[PDB]
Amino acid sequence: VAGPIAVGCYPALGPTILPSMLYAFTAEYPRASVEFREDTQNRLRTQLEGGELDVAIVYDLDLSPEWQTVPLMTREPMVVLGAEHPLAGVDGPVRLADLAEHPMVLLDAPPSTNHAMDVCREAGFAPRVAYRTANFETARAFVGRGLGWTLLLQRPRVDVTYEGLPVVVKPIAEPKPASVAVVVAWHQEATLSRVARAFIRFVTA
């Protein structure tokens, strides 16, 4: 197992899923050579369907029916709150309806944006978006500071921001939202190289 493989992913997946994956794969296969690209939903799609990427690590959301997928993991959406948020202190899951009138910090990084918007709609409201960011950490930092609440698909292991403030992570109820999977994907009509076949098999074992 040797050769070039080009791997893309969403920015939100880069610091959460990718480091351990790339480190472990590359250690297992010293002669493999990985080109790593992070890009937006539309750009990765263009690249992956163009032959620029072998494989892409994406949320299993708004995905072309022509892409093959294999689950890597799956995670419920969570609410994240500042320590002194009115709702940070109550035990159990939060009814998302109870945040309808608290200012939201929207992570607008498609496909996360419409997923958040749909989850709020199933809880029966349109959020007051006080601040918008495409940056995962900016959303977390704004929240830990007390600028609003947010909905996130992934959970950094330590509940603290770049500023050194805590964040409080809550499950969601009424309804309990669907689990969102992260997936390795490729186009149906791609011929997987050996290094690519080896990558998909390793990172999912």
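From 1 onward, residues are counted along the sequence shown.
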| Averaged over C-alpha atoms, is the B-factor higher for 37-45 or for 164-172 in this PDB entry? | 37-45
| task | Tell me which of 60-68 and 148-156 has the higher mean C-alpha B-factor in the deposited entry. | result | 60-68
| field | Residue selected from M104, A123, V79, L107 by maximal Cα B factor | value | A123
| query | Would the CA B-factor of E28 place it in the lowest, middle or highest third of its chain? | reply | highest
| Of the three thirds of its chain by CA temperature factor, lowest, middle or highest, which one includes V1? | highest
| note | Sorting the chain's modelled residues by C-alpha B-factor and splitting them into thirds places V7 in the lowest
| request: Rank-wise, by C-alpha B-factor, drop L99 into the lowest, middle or highest third of its chain. | output: lowest
| field | Cα B factor band for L13 (lowest, middle or highest third within the chain) | value | lowest
